[PDB]
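Please read the structure below before turning to the comments.
Just so it is clear: chains get the letters A, B, ... in the order the sequence lines come, proteins before strands, and each one is counted from 1.
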Amino acid sequence: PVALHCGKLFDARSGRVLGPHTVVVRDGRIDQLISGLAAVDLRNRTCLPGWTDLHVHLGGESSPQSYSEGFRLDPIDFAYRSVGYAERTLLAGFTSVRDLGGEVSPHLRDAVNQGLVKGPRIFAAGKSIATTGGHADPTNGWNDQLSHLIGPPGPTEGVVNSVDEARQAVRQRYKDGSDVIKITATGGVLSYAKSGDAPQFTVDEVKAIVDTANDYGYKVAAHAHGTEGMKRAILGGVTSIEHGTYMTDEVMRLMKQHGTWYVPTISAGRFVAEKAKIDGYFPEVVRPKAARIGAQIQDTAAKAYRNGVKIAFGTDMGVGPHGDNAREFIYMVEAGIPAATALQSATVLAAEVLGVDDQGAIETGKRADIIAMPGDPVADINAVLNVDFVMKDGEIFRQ
Amino acid sequence: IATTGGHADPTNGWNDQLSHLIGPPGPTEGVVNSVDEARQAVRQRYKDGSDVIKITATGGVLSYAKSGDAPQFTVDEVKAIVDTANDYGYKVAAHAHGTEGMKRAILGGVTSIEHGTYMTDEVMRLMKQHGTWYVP
Amino acid sequence: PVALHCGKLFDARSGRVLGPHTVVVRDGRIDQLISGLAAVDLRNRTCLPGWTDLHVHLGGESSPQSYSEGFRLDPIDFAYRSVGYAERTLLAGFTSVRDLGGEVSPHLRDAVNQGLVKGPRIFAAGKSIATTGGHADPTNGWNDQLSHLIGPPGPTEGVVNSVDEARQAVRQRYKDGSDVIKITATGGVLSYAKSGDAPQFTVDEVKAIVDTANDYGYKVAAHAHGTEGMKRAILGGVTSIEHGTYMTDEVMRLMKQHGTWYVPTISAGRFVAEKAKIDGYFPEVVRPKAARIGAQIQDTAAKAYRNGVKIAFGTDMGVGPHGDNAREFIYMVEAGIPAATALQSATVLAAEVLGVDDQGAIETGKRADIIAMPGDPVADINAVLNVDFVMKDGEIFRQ
Amino acid sequence: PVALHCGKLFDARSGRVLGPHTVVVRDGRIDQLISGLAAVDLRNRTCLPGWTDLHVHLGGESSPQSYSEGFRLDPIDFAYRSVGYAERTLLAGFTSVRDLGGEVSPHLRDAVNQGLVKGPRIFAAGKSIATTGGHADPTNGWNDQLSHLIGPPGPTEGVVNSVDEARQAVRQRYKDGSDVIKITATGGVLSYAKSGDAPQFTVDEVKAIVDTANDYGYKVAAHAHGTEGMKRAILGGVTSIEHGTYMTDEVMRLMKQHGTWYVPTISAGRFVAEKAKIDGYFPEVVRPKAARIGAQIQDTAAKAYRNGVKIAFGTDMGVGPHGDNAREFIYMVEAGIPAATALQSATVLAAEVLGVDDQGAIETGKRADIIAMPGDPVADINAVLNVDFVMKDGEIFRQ
Ligand SMILES: [Zn+2]
Ligand SMILES: [Zn+2]
Ligand SMILES: [Zn+2]
Ligand SMILES: [Zn+2]
Ligand SMILES: [Zn+2]
Ligand SMILES: [Zn+2]
Ligand SMILES: [Zn+2]
C-alpha cells in the first residue's frame, strides 16, 4: 500500500497530459485516482504507464563474434547474459515485452515470474516457424557433416512444408509453452542465406497456421520484407507485420481493409545500416542484404503513418543493445509521427496488439505499472531517455 | 489417440534430453496430426489388439499441460478416425470438457462422450439429434 | 583497358558477319564498337561472342571404370579431375555453361568465381530431382545391405513422391545454393534401371515443382525420352526439354503453343551409340537401352527444326570428353540446321534460355566474352574447331 | 586504491588477533600493512581474510521436489537458481569455493569471471567419476525404457570400470575444463541406490586416476563413508577425504603417514539426520541410509581432531541452504576444535588444500579478499554469523 504523488499524469487513452494526481496501489492494482499510508514524492515528475516493446530478443545480442559463438557456446551462457539484458531492459522503463524468437526466453520468463531474477513481463514465442531454407531455418550455412549428423529439420524443429506440418508445428509450440506465434514470411538480413525478400510461404500454409493458432488462442506475428510475402501473410490472416521495408500502396490498402498492425522496428534498420559499413563485422553473404535493406525503413514508416496504417511500438532489440529501447520514440517523432501518438503506440495500442485488457493505462483495476521522468515527453520527446522511477506489479525497482 | 501436446500425449512435461532421446511421437505412439495419420493410428490400435477406440477431443485435468478445455481435434480428423473405426467394427469414445471440442466430436460421429463439464443447450440438442451417449 | 582489332565480326542478333571493327573493353564490359591503350592484333580472325553450353556435367567423365569408381572414390578426387575438365572447357571457347547434375559443380563454381582455378561461368543445378526408382535416384542398383544402411532417399536427397515433397525438394535445392532446377521426367540410358522411356512423374508433381521454382526465381529443365513423360513435363510448365528422342507431332504442337525450348544433345546420343558396340563397356542392363536410344536423336533434331520448334545448344558433356563441345555445331549443320542459326543458338538463344540479359552478343554494356578463329564459321562450319583467342570478363586466357 | 582502517586484524598464519592496522589495496593485491586515498572506516570491526568453502554444490539445493525435478527441468533453470545461490554465498563472507559435482558450475564460474553475475572464485570439478551403479552414476533408478534410450554410461559420462577407462575419464574432465577431480570411493546417502558404505573402487583404478591427474596438474578429492573404500582411496594417493563417517584407528594412522586432508562436512550430516525424521521428504530407499549415517559425523570429527588428523573446512552446501556456510564454525567449535584452529582451517589450510599460494592471509602481494565483523570471532565463535563487509579482488560488495 503506497500513495503516489506526481505533478503531471499522461492519460494514455486520451493522449493528453493532465495535472496533479494521487495514485493508490494495494494488492498490485490501481485502486484510486484522486485528482487535485506510504508516500512517494514525484511532484516534479510526469506520470506514465509502463512501456511495452513488442519486438525483442532477450536471449542474445549482436557482436562481431555472433556468427561463431553458436558452435562453441551453450544456452546456459546465453541465459547468464540474458540476466543482465533483462535487468537493463526493465530499468529503462519497459515493464513488458513480446519476445519474437529464441529458446532461452520461455525459461527467463519462468525465472522472472518466480522472482529469481529481475525483468519485465515476458510474452515469449519460442522457436520461430519457417520453411526449408527459410530465414529461421536452424541449419542454414552448416556443412555436409554437421547437416548429416543433425538430420533435416521438421515440424518439431520449426520447419514446415505443408498444411499438416504447419498444424503440427503450431501444436508443438503450444506443447513447449509459448504465448504467441512467429513466422518468417520472406527472407531476412541476418540469416546465412542468399535471398532477403523472396516469398517463402504459400497462402495455404499461412491459413493453416492461423487457423491452428486461433484454435489455441494465439496471435500470429509475421516477419516480411518483400511485397509478395507480405501480401500472402496479410491474406492469410496474421495479426501484425514485423517489417514492411517494401510496402506498396496495394499492401497498405489490404492492411487497412483487414486491420493488420504494423511494427516498423526502425532501430534495427539503422543499426544494420551503420554496421554494414564496417569491414568484417558481417559475413560476406550478410553484408549486401544489410546495406541494401537497412536504409529503406524510416521512409516506409513515414509513408505508412501518412496513409493511415495502424502502427505499434517495436525495436527488434538484440540486433541493437538492450537497454536503449526508448530511442525508437525519437526515431518515430523524426519520422513524422506525433509525440503523443508515439507514446500511445507503446501503452494502449501495444495492449491491443498483445490481446490483454489489464494493462496499458493508469486506470482503476489495472496493473500498477508506472514510470516517471523529470521532463514532459509530449513537449520534448528527448525526455524519454531519463527515467528515474520504475514500478512493476506494485513493487518499486527504481526511485 | 491424441494430437501433439494433447491430453494423451505420452511425452508431455519431459525435459529436452528425454524428448530428444525418445523422439517426437507419431501414429504408432497414438499422436496424430492429419487424416492419414488418424487412419494409421486406428489401424495400429487394431494391430495391437484393441476392442474399442478412445480419443481426447479437448484438454484434461490430470495431464502435465496448461489447457484443460481447449479444442485439440479438427472435425476432419474426428471424421477420419470414425470412418476407419467403422471399417474395423470399433466404437469411439471421446474425452471432452470444453464446448467446442465436444461439438466437434459429436459432429464427427463418436458413439459416447466421456465428460460433459461445460455442456450447453446447443450441445444437448446435437446429442439428442445424433443419439450420442453421455457418461458423466 | 584493351582495344581489339579484328577483321570480321559476327553479329549474333542479326546472324550476319560484318567487316572490320574495334572493341574497347574497360571494367569488364563492352564500351565502344567503332566500325571501320593496349591493342590486340586479330585482323586475320573472325570476332564472335563467347559460346554457352546449356547441358554439361563438369563433375565427371565417362570411362570403362565409371560404374565401379562410385563405391571406392570420394568427391575430392572428382574435384581434382574437374579442375582439368573446366580448364579444357574454357580454353575451347565456351565462356559459360549450364550444369544439369552433380554435387561437385556448385563448389567448382565458387572456386572459379574466387579465381582459385580457371573455368567458365557456371550455372549449377546441384542434385537432380527424381521419383523413387527414377533415372536420378542415387541408390539404384545397390544391394540390400547398403540400401538398409543408407535408408530410403527422400526430398533432402532429391527423391519425391507427392506435391509437398516436391515443394520441399525445390526448397532444399535453394538451400544448397542452386541456380536452376533439373528433373528426370522419364527413364534414361545411363542409370542402373530397367526402363528408359516410361513416364515417372505425374503432372501434379511437375506443376508443384514449377510453381515452387517460380516462387524462388528458378527455371526448370526436364530430362525426357518417352512421349508421355515429355507431354506431362510440357503441360506442367517446364522451360526446356533436354532430350526428345521420341517426339511426335502432337508434342511439337504443344511445344510450339507453350514456347518450350528444345535441347537435342546429339553428341551424347552418338557417343553412347558407338560405345554400345564395344563389349563390356556398359553394364548389361545399360547396353540395350543405349543401343536402342542413341540412334534416334539426329533425325529427331532435323524433324524438330523442320517443324518450327525452338532449338538451343547443348552437348550433354561428361558422357563425351570435355573440351570437344564444338563438334555439336558440325552435327547440327549436318542435321539440316543452317550454320548461322546453329551459331545463334549458342550465343543469344542460349542467353534467352538462361534468363540473363548481360551476355550473348557483342554490344555496348554487355560482358566482354569474346572468341576468335582464323576462318569464317558461317561459310565453313568446320572452323569452330580452331579457336586461338579466348576472353572472359575482360581477362585474356588465350592468344 | 582504497585504504582500510580496522581495529583488530586476525593473522591467519599465526592464529592470533592483532591490534589496529591499515591495509592499502591497489590493482587488486595487498601492498602495505602499516601497523599502529579512499578510506573505509572499520575501526569497530575485526579484520579477516576471505573464507574458502572446500565442498559446495552451487548448481542446486535440496528440496522435497528434488527427486522429480530432474526429469522435468533443464540445466538453464538450475543456472537461474544458481545466480541467487552464488550471490548469497558471496555475501556471507566466502570469497572462494571448491565445487565438487555438477555440470552448471563450470559455466557459472565463467559468468562470474566475466563479471556478468556476482559470486565467489569457483574451482569446479565438473562431472564426478564413479563406477557402474556407483554413488555418482547418472542413470541410477531409471526404468528400462529410459535406460535403453540413453544407453550404458561410459568414460565420457564419468563411469569407469578399468585403468584405461579411468585415464580416459580424467582426460575428458580436462577436456571439459575442470580445475579438480572428484571420485566416489564408496556408496552414499542421497543416491538412488541400495548400499551406502560398500567399496566401489579398486586400488588399481584409484592409482590410475591419481597418476593421470598428476600428469595434468589436478588434485583428487574422494567421497567415502565405509572403511575399506576410504583405505583404498588413501592408498591410491588421493589428496583429501570428503567424509569419514566410519573412520577407524588404522585409517587415521594411514592418513597421518600419507598426509591426507580430512573434510568432515558436519552440516550435511546434521541436515540429513533431521530431514530423515520427516515423513515423505526422502525416498524410501534413501531414508534408512540418511537416518543411519547422519548421526555419526560430529563424533568422528572430534576423534579425528584428537588423533592429529589434518582437518580442512567444508560444508557440503546444496544439501543445506546456500548462504548459511558459517554455522560449520559453530559445529566445529562444539566438536572440540578451538576457534582459532577452526578459523585457520578456512583461510590458510584451505589454500594449502587448493594448491594455491596467492590467497589465504592478509600479507603483501596476495589477493585482496577481506571480510569484517563487529565482534571478535576467537573470543566468541558466534560472531561469524554477522558479516557486514565483503571485498573480493579489490572490489567492495558489501559495506
Ligand atoms: Zn525480423
Ligand atoms: Zn526480430
Ligand atoms: Zn477423461
Ligand atoms: Zn539426360
Ligand atoms: Zn545429362
Ligand atoms: Zn559426498
Ligand atoms: Zn557433496
When rounded to the nearest 0.5 Å, the distance separating CG of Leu354(C) from CH2 of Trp261(C) is 11.0 Å
Hey, are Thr265(C) and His243(C) close enough side-chain-wise for a donor-acceptor pair under 3.5 Å?
yes
Donor-acceptor pair, distance only, cut-off 3.5 Å: does the side chain of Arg98(C) make one with the backbone of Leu54(C)?
yes
Donor-acceptor pair between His135(A) and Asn140(A) side chains, under 3.5 angstrom:
no
Apply salt bridge (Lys or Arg N to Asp or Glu O under 4.0 Å) to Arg109(C) and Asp179(C), showing your working.
CA-CA 11 Å; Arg109(C) 170 203 63 205; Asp179(C) 311 299; 2.7 Å; yes
Within the 3.5 Å criterion, strictly below it, is a donor on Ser240(C) or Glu242(C) matched to an acceptor on the partner's side chain?
yes
Spacing of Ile150(A) atom CD1 and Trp142(A) atom CH2 [to the nearest 0.5 Å]:
5.5 Å
Check whether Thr131(C) reaches the backbone of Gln200(C) with its side chain - one donor and one acceptor, N or O, closer than 3.5 Å.
yes
Worked check of side chain to side chain contact (heavy atoms under 4.5 Å, CB included) between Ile1(B) and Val42(B)
CA-CA 8 Å; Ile1(B) 295 165; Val42(B) 170; 4.3 Å; yes
Rounded to the nearest 0.5 Å, what's the gap from NZ on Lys127(C) to CZ on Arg173(C)? Could you check?
7.5 Å
Looking only at atom types and distance, does a side-chain atom of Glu157(A) sit under 3.5 Å from a main-chain N or O of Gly154(A), one as donor and one as acceptor?
yes
Side chains of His225(C) and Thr245(C): donor-acceptor distance under 3.5 Å anywhere?
yes
Do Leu190(A) and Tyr67(A) make a side-chain contact, defined as non-hydrogen atoms from C-beta onward lying under 4.5 Å apart?
yes
For the aromatic rings, using the six-membered ring if either is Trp, is the centroid distance between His223(C) and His55(C) under 6.0 Å?
no
Flag yes if more than 12 heavy atoms outside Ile76(C) fall under 6.0 Å of its CD1 atom; otherwise flag no.
no
So which heavy atom on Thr186(A) is nearest to which on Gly229(A), and how close?
CG2-CA, 3.6 Å
Flag the pair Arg232(A) and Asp215(C) as a salt bridge only when some basic side-chain nitrogen lies within less than 4.0 angstrom of an acidic carboxylate oxygen.
yes
Closest non-hydrogen contact found for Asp53(C) with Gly314(C) is OD1-CA, 3.4 Å
Measure the CZ-CG distance between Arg81(C) and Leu58(C) for me, rounded to the nearest 0.5 Å.
14.0 Å
Would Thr139(A) and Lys175(C) count as having a side-chain donor-acceptor pair, cut-off 3.5 Å?
yes
Which atom of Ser178(A) lies closest to which atom of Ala125(A), heavy atoms considered
OG-O, 3.0 Å
Do you know the tightest heavy-atom contact between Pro24(B) and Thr156(A)?
CB-OG1, 3.5 Å
If you measure from OG1 on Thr227(C) to CE on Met247(C), what distance do you get to the nearest 0.5 Å?
9.5 Å
What's the shortest heavy-atom distance between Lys289(A) and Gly188(A), and which atoms?
NZ-O, 3.4 Å
Rounded to the nearest 0.5 Å, how far apart are CG of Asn33(B) and OG1 of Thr74(B)?
9.5 Å
Specify the closest pair of heavy atoms between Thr212(C) and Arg171(C), including all atoms of both residues, with the distance to one decimal.
CG2-CG, 4.4 Å
Just wondering, more than 12 heavy atoms not from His258(C) lying within 6.0 Å of its NE2?
yes
Count the heavy atoms of every other residue, nucleotide or ligand shown that sit under 6.0 Å from CG of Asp144(A), and state whether that count exceeds 12.
no
